[PDB]
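Same order as they appear, the protein sequences are chains C, A and B. Numbering follows PDB author numbering, in which position 40 of the first sequence is assigned residue number 216; successive positions increment by one, without gaps. Numbering follows PDB author numbering, in which position 524 of the second sequence is assigned residue number 525; successive positions increment by one, without gaps. Numbering follows PDB author numbering, in which position 107 of the third sequence is assigned residue number 153; successive positions increment by one, without gaps.
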Amino acid sequence: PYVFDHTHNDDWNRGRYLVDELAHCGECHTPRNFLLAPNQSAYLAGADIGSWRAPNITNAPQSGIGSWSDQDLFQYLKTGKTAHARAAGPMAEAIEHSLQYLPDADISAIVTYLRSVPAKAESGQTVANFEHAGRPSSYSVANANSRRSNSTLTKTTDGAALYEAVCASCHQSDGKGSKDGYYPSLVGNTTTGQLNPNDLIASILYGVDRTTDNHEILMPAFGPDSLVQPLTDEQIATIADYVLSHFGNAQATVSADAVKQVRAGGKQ
Amino acid sequence: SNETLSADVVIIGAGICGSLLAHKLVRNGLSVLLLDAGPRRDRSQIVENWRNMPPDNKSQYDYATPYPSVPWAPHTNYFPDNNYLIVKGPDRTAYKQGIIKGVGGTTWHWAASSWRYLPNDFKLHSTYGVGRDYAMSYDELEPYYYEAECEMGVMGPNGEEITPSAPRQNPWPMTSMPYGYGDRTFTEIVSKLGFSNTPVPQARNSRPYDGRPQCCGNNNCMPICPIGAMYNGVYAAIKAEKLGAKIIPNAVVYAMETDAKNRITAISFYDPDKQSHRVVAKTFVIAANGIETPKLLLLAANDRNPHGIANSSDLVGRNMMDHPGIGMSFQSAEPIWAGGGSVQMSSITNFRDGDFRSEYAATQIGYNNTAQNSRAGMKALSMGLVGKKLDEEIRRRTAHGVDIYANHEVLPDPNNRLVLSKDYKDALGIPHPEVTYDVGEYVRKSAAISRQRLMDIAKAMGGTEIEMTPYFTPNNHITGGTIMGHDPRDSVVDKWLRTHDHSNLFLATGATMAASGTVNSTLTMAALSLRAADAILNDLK
Amino acid sequence: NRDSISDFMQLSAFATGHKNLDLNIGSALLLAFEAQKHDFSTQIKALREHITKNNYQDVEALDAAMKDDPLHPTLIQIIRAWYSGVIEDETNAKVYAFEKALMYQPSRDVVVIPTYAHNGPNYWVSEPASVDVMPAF
Ligand SMILES: Cc1cc2nc3c(=O)[nH]c(=O)nc-3n(C[C@H](O)[C@H](O)[C@H](O)COP(=O)(O)OP(=O)(O)OC[C@H]3O[C@@H](n4cnc5c(N)ncnc54)[C@H](O)[C@@H]3O)c2cc1C
Ligand code: HEC
Ligand code: HEC
Ligand code: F3S
Numbered sequence: 177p178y179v180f181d182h183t184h185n186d187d188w189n190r191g192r193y194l195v196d197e198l199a200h201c202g203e204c205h206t207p208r209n210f211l212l213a214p215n216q217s218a219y220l221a222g223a224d225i226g227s228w229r230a231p232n233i234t235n236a237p238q239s240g241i242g243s244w245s246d247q248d249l250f251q252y253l254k255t256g257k258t259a260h261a262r263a264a265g266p267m268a269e270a271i272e273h274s275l276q277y278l279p280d281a282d283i284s285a286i287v288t289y290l291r292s293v294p295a296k297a298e299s300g301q302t303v304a305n306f307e308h309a310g311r312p313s314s315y316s317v318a319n320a321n322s323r324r325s326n327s328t329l330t331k332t333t334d335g336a337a338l339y340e341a342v343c344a345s346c347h348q349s350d351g352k353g354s355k356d357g358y359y360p361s362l363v364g365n366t367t368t369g370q371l372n373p374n375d376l377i378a379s380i381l382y383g384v385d386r387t388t389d390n391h392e393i394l395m396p397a398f399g400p401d402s403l404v405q406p407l408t409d410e411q412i413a414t415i416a417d418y419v420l421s422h423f424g425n426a427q428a429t430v431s432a433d434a435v436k437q438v439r440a441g442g443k444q
Numbered sequence: 002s003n004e005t006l007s008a009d010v011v012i013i014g015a016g017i018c019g020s021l022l023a024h025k026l027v028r029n030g031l032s033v034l035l036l037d038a039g040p041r042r043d044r045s046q047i048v049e050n051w052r053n054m055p056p057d058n059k060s061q062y063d064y065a066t067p068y069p070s071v072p073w074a075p076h077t078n079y080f081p082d083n084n085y086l087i088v089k090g091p092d093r094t095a096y097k098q099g100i101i102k103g104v105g106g107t108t109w110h111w112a113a114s115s116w117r118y119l120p121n122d123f124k125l126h127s128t129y130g131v132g133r134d135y136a137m138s139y140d141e142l143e144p145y146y147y148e149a150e151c152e153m154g155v156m157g158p159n160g161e162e163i164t165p166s167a168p169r170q171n172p173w174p175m176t177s178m179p180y181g182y183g184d185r186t187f188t189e190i191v192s193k194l195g196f197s198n199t200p201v202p203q204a205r206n207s208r209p210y211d212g213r214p215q216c217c218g219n220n221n222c223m224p225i226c227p228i229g230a231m232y233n234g235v236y237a238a239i240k241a242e243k244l245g246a247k248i249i250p251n252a253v254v255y256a257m258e259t260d261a262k263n264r265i266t267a268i269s270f271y272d273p274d275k276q277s278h279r280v281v282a283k284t285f286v287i288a289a290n291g292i293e294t295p296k297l298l299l300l301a302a303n304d305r306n307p308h309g310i311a312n313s314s315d316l317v318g319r320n321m322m323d324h325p326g327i328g329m330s331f332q333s334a335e336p337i338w339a340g341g342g343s344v345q346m347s348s349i350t351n352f353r354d355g356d357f358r359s360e361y362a363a364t365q366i367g368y369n370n371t372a373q374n375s376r377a378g379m380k381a382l383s384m385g386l387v388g389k390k391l392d393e394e395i396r397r398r399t400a401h402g403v404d405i406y407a408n409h410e411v412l413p414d415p416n417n418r419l420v421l422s423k424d425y426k427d428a429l430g431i432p433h434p435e436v437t438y439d440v441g442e443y444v445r446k447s448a449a450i451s452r453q454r455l456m457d458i459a460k461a462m463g464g465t466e467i468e469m470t471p472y473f474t475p476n477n478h479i480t481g482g483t484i485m486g487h488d489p490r491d492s493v494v495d496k497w498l499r500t501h502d503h504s505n506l507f508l509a510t511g512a513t514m515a516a517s518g519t520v521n522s523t524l525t526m527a528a529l530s531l532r533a534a535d536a537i538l539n540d541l542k
Numbered sequence: 047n048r049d050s051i052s053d054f055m056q057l058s059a060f061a062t063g064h065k066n067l068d069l070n071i072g073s074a075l076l077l078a079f080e081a082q083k084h085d086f087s088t089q090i091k092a093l094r095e096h097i098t099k100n101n102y103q104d105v106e107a108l109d110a111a112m113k114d115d116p117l118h119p120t121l122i123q124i125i126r127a128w129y130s131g132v133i134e135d136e137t138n139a140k141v142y143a144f145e146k147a148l149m150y151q152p153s154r155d156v157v158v159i160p161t162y163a164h165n166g167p168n169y170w171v172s173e174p175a176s177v178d179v180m181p182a183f
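Given below as structure tokens:
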């Protein structure tokens, strides 16, 4: 049974009940302390769940969601879609199964409680995950002319070329997405802006699949099991490196080994 | 080359037909060896190749240059005519068909117009006295039509009534996505002419389907979708390989061996280095398309089968069929803004059936929704304009440029024949295919009215610079070369696509189709391949 | 080496009428032009000198006055290279620009550049803009 902390209003207590007991955000947003128990030292400070990573959602202005606007947090929790963040994987499943059916008051209470979570900053954090500006594209159309009369992407090792061929239709060559926002901007995106590129790699490996209000939004998978365009670990690492260096956190790096580990369900 | 590469079923050709058949067979516990003469192709590399294709090759419809042609298994290229498919006869231009060799085949660059044939199309001779009847009825192919539609993710006009249209037992898996501006405008314009412009059923995602994205109107279905929002035959190959099917690219089948009962015992294929490998199987299927299936059958002629494999009726390579097209290009008086949505979104289906089919061919008239920006840019640049005039001309010609087509049904003619070329060979020494084509008085009488209808459409749109092709154009649906039927003396395969001569050999191709129909034929080929899969499963289990 | 690309870029901005031109595309086009024609830099200088001496205000006046001048073909070729993205008229011609080629810009607000999404999946339900309103680029 939930205990009502009388030093806070009813909205805060309801939000705490929803976060801790009902929607159990800490069940995958709070790191387990290697005893398979939540670490009370780092509550809602980010954790690894399989191939995905639930980021820091404390009130840290840079490491967490402290700099998120209340409107953006509400919209993300209700629909999973925001100009700076899109829910994918476990977050998409959590939103489309539990959160999308929550009342507006309940999501507002969750936001109110989240704004009071003590901040858990990170070592390499100076700007927020959605505050990485874009760099101009380095793709060359002319340099692709030598790769004509090729039937496969094997000899396409350039990161810009790979991003343009596999990825620049929906997201644009500048990485700013579509005008209507259906294709998210990779610039200013929380997934590409994280210092931990896990969620980026997973996003490439499995795509995105979120059904909100009976409307389905899908990024196709690009891993070995892809139907649209299978990509090797090296190719995914190169595309992720280009995305990070041009549209996202430039202090984050992706190696083929990292993509391989993400493919294997992360650390065991 | 020493290994004999055994399997339960070996399927020659990894296009839509072969890959769908392989996927259905491995799903049911059969060992499958899928051979393709072409190489493995990556969608993104083809996208890059098309993007770096010259704009003149985009303006005119170059659908082969993005796919590099391999010397051991060349496919057709027409901007520089590579002279692979030789065409003769008065209507040679109408059989300059486009094919793509590789895992996924020509469905790599099709428009994904997935059409069901009318019930009368299967009984054309019994209904109108022309052409030939299919060995099976529409009701027999309906479940396989639906299975193909569900696997390929076809979207169709679910809630609408189209008077000539195949009766469906189930709705389309997806509903047709809304028209772009060009299709709405064309529908409204031609409704006043008595023409019913209706949505084309498309293997395209109007919603996220099969783990693939919803169509965002890249308007490049021909020749490559960058995001896989439409169905490509490579999907079935990938799914089959995931389920255990063995795919061998660059495997050019050239020889076939038969026993005393004329059953196929083995096949022999070449690698790009012309090393021979002998595959042995319990069941052999050729799904190599309507040009390469008869070409292989004629090339694999044995002592038991001197005129070609499964050619006891001398009909292999005969009755070659397609939809002879007449193209018109003009500048609409009012903006049409082609490019919203897929390249083919709607067509006039009013003339798909009628009593007139006893006299002249039934036709499909359609509007091309491909974006006209490359065409407009090249034309304005060739006009010698500079500055603001050049920009205004480009904008006006991309807003007003209209491409219209009228395709016709051709009857199966034994003299419309594919043979092995006596003058041209590829890098492996295999003779090139040579097709002699004549559309016939049926198509000519139909075209006398189709040209008038196209001119009426252009007049209703206030068209200027009207350019109608003075010849018949190919529409890339190759059928009839391995015709089906009930009489072994007048057909090659039976109602189950099994050859009359060889109880062991199945031919999962459009070449088995006895009538070309009025609309695109690949969905019927896929349904026939699934039906042949049922027959093979009955044989081997 | 740097004056040649600056001169080519300024002459290209004059000839196309559009100031915002990609520098990398311009460098590639200049290299291709100098491979095709060894005197191309001399012709660029001659065109620039003709523009500065007669004080032509736009490419329209220059093209009108250059009708019989032997330097006119190079002006038209430069405009074609920037608008179509190619210099030669073959099938194997190198494409130096797609989606940034200037001939796709007059209709970008309405017509999709094919392999790049205009916007999300069902945008075409909207009504197109007027033909008489030229997008700025
Ligand atoms: C531009 C274009 C647009 C089209 N649009 C439509 C459309 O909108 N709707 C529609 O219904 N149809 C359309 N089509 C037609 C469609 O592409 C074909 O009907 C379809 O691909 C069926 O071909 P298939 O599966 O029989 O064989 P294909 O896929 O053509 O070829 C199968 C495979 O056989 C292999 N092969 C050939 N010879 C050998 C050999 N000797 N040994 C081994 N392997 C071999 C090839 O390498 C190839 O990969 C279009 C075609 C083109 C060119
Ligand atoms: C495990 C199934 C989760 C539960 C329960 C909750 N979240 Fe989550 N969240 C999870 C993942 C794997 C991700 C990453 C998404 C991506 O595409 O990589 C997220 C994301 C968020 C975010 C966005 C943070 C950012 O991207 O920087 C927020 C604000 C967030 N999650 C909050 C949140 C809340 C409030 C939850 C309780 C209702 C909650 N999450 C549950 C995994 C899981
Ligand atoms: C169109 C079919 C796409 C292609 C090709 C690529 N992406 Fe994508 N991506 C697409 C959608 C529709 C979405 C999100 C759904 C939404 O809620 O609207 C995404 C998502 C991403 C993300 C995550 C964004 C977030 O979680 O905040 C990333 C990092 C991403 N996409 C990257 C990416 C890359 C690197 C691609 C090239 C391989 C690529 N995408 C292709 C649509 C499409
Ligand atoms: S190119 Fe692809 S995105 Fe749609 S318009 Fe054709 S299926």
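A virtual CB, placed ideally from N, CA and C, is assigned to each residue, including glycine.
What span of residues does the beta strand (DSSP E) with C:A223 cover, start to end? On the first sequence, position 47 is the one that residue 223 of chain C refers to. Taken as a continuous stretch (DSSP letters only), the beta strand (DSSP E) holding C:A223 covers 223 to 225.
Measure the alpha-carbon distance for A:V48 versus C:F180 and round it to whole angstroms. Within the second sequence, residue 48 of chain A is the residue found at index 47, counting from 1. Within the first sequence, residue 180 of chain C is the residue found at index 4, counting from 1. Those two C-alpha atoms are separated by around 59 Å.
Pair within 7 Å by beta-carbon distance, C:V363 and C:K352: Within the first sequence, the letter at position 187 stands for residue 363 of chain C. Within the first sequence, the letter at position 176 stands for residue 352 of chain C. Cβ atoms of C:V363 and C:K352: closer than 7 Å.
Flag C:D417 as yes if its beta-carbon sits less than 7 Å from any beta-carbon of chain B, otherwise no. Position 241 of the first sequence holds residue 417 of chain C. Taking Cβ atoms only, chain B never reaches closer than 7 Å to C:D417, which makes this a no.
Here's the rule I'm using: 16 or more other beta-carbon atoms within 10 Å means buried, otherwise exposed. How should A:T107 be labelled? Along the second sequence, read from residue 1 onward, the residue named residue 107 of chain A stands at position 106. With 16 or more Cβ atoms within 10 Å of its Cβ, A:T107 is classed as buried.
I want to see whether chain C comes within less than 7 Å of B:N100, judged by CB atoms only; does it? Taking the first residue of the third sequence as 1, we reach residue 100 of chain B at position 54. No, B:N100 does not count as interfacial toward chain C.
Along chain A, which residues have their Cβ under 9 Å away from the Cβ of B:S130? Here residue 130 of chain B corresponds to residue number 84 of the third sequence, with the count starting at 1. In chain order: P55, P56, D57, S375, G378, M379, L382.
Using a C-beta cutoff of 7 Å, does C:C201 count as contacting chain B? Translated into the one-based positions of the first sequence, residue 201 of chain C becomes position 25. With 7 Å as the cut-off, C:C201 does not count as an interface residue toward chain B.
Does B:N165 get closer than 7 Å to chain C when you measure Cβ to Cβ? The sequence position of residue 165 of chain B within the third sequence is 119, counting from 1. Cβ-Cβ to chain C under 7 Å: yes for B:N165.
State yes or no: is the C-beta of A:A407 within less than 7 Å of the C-beta of A:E394? For the purposes of this step, residue 407 of chain A is taken as residue 406 along the second sequence, with counting starting at 1. For the purposes of this step, residue 394 of chain A is taken as residue 393 along the second sequence, with counting starting at 1. For A:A407 and A:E394, no; Cβs fall outside 7 Å.
Quick check: what's the CA-CA separation for C:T234 versus C:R208? Taking the first residue of the first sequence as position 1, residue 234 of chain C is located at position 58. Taking the first residue of the first sequence as position 1, residue 208 of chain C is located at position 32. Spanning the two alpha carbons is a distance of roughly 16 Å.
Taking Cβ positions only, does B:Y150 come closer than 7 Å to chain A? Numbered from 1 along the third sequence, position 104 holds the residue referred to as residue 150 of chain B. So yes, B:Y150 belongs to the interface.
Using a Cβ cut-off of 7 Å (strictly closer), state whether B:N70 contacts chain A. The count along the third sequence starts at 1 and reaches residue 70 of chain B at position 24. Chain A, which has no Cβ nearer than 7 Å to the Cβ of B:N70, makes this no.
For A:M223, three-class secondary structure by DSSP: Here residue 223 of chain A refers to the residue found at position 222 when the second sequence is read from its first residue. Coil, per DSSP.
Would you call the segment 45 to 63 of chain A and the segment 128 to 141 of chain B in contact, with 3 or more CB pairs under 8 Å? yes
Please report the straight-line C-alpha distance between A:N303 and A:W73, rounded to a whole angstrom. For the purposes of this step, residue 303 of chain A is taken as residue 302 along the second sequence, with counting starting at 1. For the purposes of this step, residue 73 of chain A is taken as residue 72 along the second sequence, with counting starting at 1. Going from the Cα of A:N303 to the Cα of A:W73 covers about 23 Å.
Starting from the C-beta of A:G482, find all residues in its chain whose C-beta is less than 6 Å away, skip the five residues before and the five after it, and write them out in chain order. By one-based count along the second sequence, residue 482 of chain A stands at place 481. Excluding residues within five positions, the ones whose Cβ falls inside 6 Å are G291, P295, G318, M321, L419, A512.
Taking only the alpha-carbon atoms, compute the straight-line gap between B:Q89 and B:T120 and give it to the nearest angstrom. Position 43 of the third sequence, counted from the first residue, corresponds to residue 89 of chain B. Position 74 of the third sequence, counted from the first residue, corresponds to residue 120 of chain B. Approximately 7 Å, taken between the alpha carbons.
Let's test the definition: count the other Cβ atoms within 10 Å of the Cβ of C:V303 and tell me whether it reaches 16, buried, or not, exposed. Position 127 of the first sequence, counted from the first residue, corresponds to residue 303 of chain C. Per the 10 Å Cβ criterion, exposed.
Applying the 10 Å Cβ sphere with the 16-neighbour rule, what's the burial state of A:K240? Numbered from 1 along the second sequence, position 239 holds the residue referred to as residue 240 of chain A. Looking at its Cβ environment, which holds 16 or more other Cβ atoms inside 10 Å, A:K240 is buried.
Quick one: is the Cβ of A:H487 within less than 6 Å of any heavy atom of ligand 3? As a first step, residue 487 of chain A is located in the second sequence; it is residue number 486 there, counting from the start. Answer for A:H487: no, Cβ out of range of ligand 3.
Output, in chain order, the set of chain C residues within a Cβ distance shorter than 9 Å of B:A74. Numbered from its first residue, the third sequence carries residue 74 of chain B at position 28. By Cβ distance, chain C contributes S316, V317, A318, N319.
Cβ of A:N221 versus every heavy atom of ligand 4: is any distance shorter than 6 Å? Start at 1 with the first residue of the second sequence, and residue 221 of chain A comes out as number 220. Indeed, a heavy atom of ligand 4 lies less than 6 Å from the Cβ.
For B:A175 versus C:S354, is the C-beta spacing smaller than 7 Å? As a first step, residue 175 of chain B must be located in the third sequence, where it is residue number 129. As a first step, residue 354 of chain C must be located in the first sequence, where it is residue number 178. Not a contact, by the Cβ cut-off of 7 Å.
Could you work out which residues of chain C lie near B:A143, taking near to mean beta carbons separated by less than 9 Å? As a first step, residue 143 of chain B is located in the third sequence; it is residue number 97 there, counting from the start. Correct list: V317, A318.
Inter-residue Cα distance where the pair is C:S284 and C:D187: For the purposes of this step, residue 284 of chain C is taken as the residue at position 108 of the first sequence. For the purposes of this step, residue 187 of chain C is taken as the residue at position 11 of the first sequence. Cα-Cα distance, rounded: 8 Å.
Just to confirm, is the Cβ distance from A:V11 to A:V280 under 7 Å? Here residue 11 of chain A refers to the residue found at position 10 of the second sequence. Here residue 280 of chain A refers to the residue found at position 279 of the second sequence. Closer than 7 Å, so yes.
Partners in chain A for B:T120, counting only beta-carbon separations shorter than 8 Å: Along the third sequence, read from residue 1 onward, the residue named residue 120 of chain B stands at position 74. By Cβ distance, chain A contributes nothing, its closest Cβ being about 13 Å from B:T120, past 8 Å.
Taking 6 Å as the cut-off, is the beta-carbon of C:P237 closer than that to any non-hydrogen atom of ligand 2? Within the first sequence, residue 237 of chain C is the residue found at index 61, counting from 1. Outside the cutoff, so no.
Test: B:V171 CB closer than 7 Å to a CB of chain A: Position 125 of the third sequence holds residue 171 of chain B. True, the Cβ-Cβ gap to chain A drops below 7 Å.
Beta carbon proximity, B:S52 to chain A, threshold 7 Å: By one-based count along the third sequence, residue 52 of chain B stands at place 6. Not an interface residue.
Run through chain B and tell me which residues come within less than 9 Å of A:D540, C-beta to C-beta. In the second sequence, counting from the first residue as 1, residue 540 of chain A sits at position 539. Simply none; closest approach about 44 Å.
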